[PDB]
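Just the one chain here, the form deposited in one PDB entry, laid out as structure tokens.
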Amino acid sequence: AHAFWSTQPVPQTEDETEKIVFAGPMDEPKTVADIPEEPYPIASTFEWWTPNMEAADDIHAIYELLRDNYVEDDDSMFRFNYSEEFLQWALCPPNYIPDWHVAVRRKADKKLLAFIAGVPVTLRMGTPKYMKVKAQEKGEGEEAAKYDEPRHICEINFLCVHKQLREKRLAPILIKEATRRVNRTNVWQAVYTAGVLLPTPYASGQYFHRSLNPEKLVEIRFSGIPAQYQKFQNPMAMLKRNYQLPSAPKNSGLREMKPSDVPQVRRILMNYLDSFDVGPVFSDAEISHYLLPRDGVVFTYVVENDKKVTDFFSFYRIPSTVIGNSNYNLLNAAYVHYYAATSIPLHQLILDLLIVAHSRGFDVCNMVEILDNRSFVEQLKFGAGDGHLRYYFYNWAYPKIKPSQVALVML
């Protein structure tokens, strides 16, 4: 049933994943010398291209492919519209490898037909907490702890085939070529997320939304009006009142993060993330990259009293195109990013995030139920949405974990 994925070093069934007891590789061990320097074969009317992700024209090419042909929601009403600036942020973190940005162009007219990108990530992906107990009783602790150290691996994202080339088995070719490029640098595992079920996720979480601008959400059909509110003279005023927020946070100490905050943010972030089974390890340079504010892209605030940072939150922007002819409505969505609370309950910190996002003109706040995200759903009036984000590894056997054991936000 999976002509491509049955050929690949990933768990092949759910049952397989449920029985895995230790973290570890799946494939035969290999050296760089084992991997071909010649690119993967592709039909003669097409060519590999490595866009320069800092060149204006290349980023613009990638932007338009994704704007027109990237992820749509489960109901085909919205499509992600990542900005050019967001793409350069997401794809060019510290020590990124330009060669991991892979495109296919038609030779004759240089039309961009497809894309996939890897970026480096340092990830903790050793045997979980619940799995280390069972292997202690059994005394097999060394096998279970063999891969505890954070590993320098690849994060895959932005796989896209042009709408007009769908179902032609081009996606497997991009994946093989990415894999080859990555293997050439002596990296053997990858992590990826998708809203579709593939063989075979190690974790899966529902996404959740919090209305900030209900009127717009109803107009573009993201939301409907609650039946219960339909029973009133002004259903929309009821709905607006429900989701209404303060115009500013009464949380004293909140300000935008700045460069001087990088070390303390790193410390409080890493202290928190280290409590989850699967999670990133960030250098100072990576904290800087992913969390320092960038206009229209990433927004990050710290609670600081007397030059001591005790809490922070971050969110990023991806607007969704509202699909339709001559429809210029944009769902301007804020996504919950990393955060850490030490001085205030997490729900108070995230209320501040909703307040700020609403102030900055966001229509909705979205998140997946990873981290401690479920702990503030009800009070902050999040609801579950119709999608699920599944988490996968390539060439890594991993026992099934709950999404609340996952600490990697994928963009």
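So that there is no doubt, residue numbering starts at 1 and follows the sequence shown. Take the two forms, find the largest set of C-alpha atoms that superpose within 1.5 Å, and that set is the rigid core.
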Please compare 384 to 392 with 11 to 19 and say which has the higher mean C-alpha temperature factor in the record.
11 to 19
Mean C-alpha B-factor comparison - 269 to 277 and 202 to 210, higher one:
269 to 277
Check the PDB entry and point out which of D311, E219, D99, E286 has the largest C-alpha temperature factor.
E219
Please pick out which of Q88, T185, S223, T179 has the largest Cα B-factor as recorded in the entry.
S223
Which third of the chain does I62 land in by C-alpha B-factor: lowest, middle or highest?
middle
Among all modelled residues of this chain, ranked by Cα B factor, put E28 in the bottom, middle or top third, i.e. lowest, middle or highest.
highest
Within this chain, which third does the Cα B-factor at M410 fall in: lowest, middle or highest?
middle
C365: C-alpha B-factor third of its chain, per the entry, is the lowest
By the recorded C-alpha temperature factor, relative to the other modelled residues in its chain, which third is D372 in?
lowest
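Keep in mind that the form deposited in another entry is not shown, yet the notes after this line are about it.
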Only one of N186, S283, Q244, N327 shifts its Cα by 2 Å or more between the shown form and the other one once the rigid core is superposed, namely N327
Mind checking the CA-CA distance of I59 and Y328 in the other entry? It differs by 3 Å or more from this form, so is it closer or farther?
farther
Might you say whether the CA atoms of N325 and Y335 end up closer or farther apart in the other entry than in this form? Their distance differs by 3 Å or more.
closer
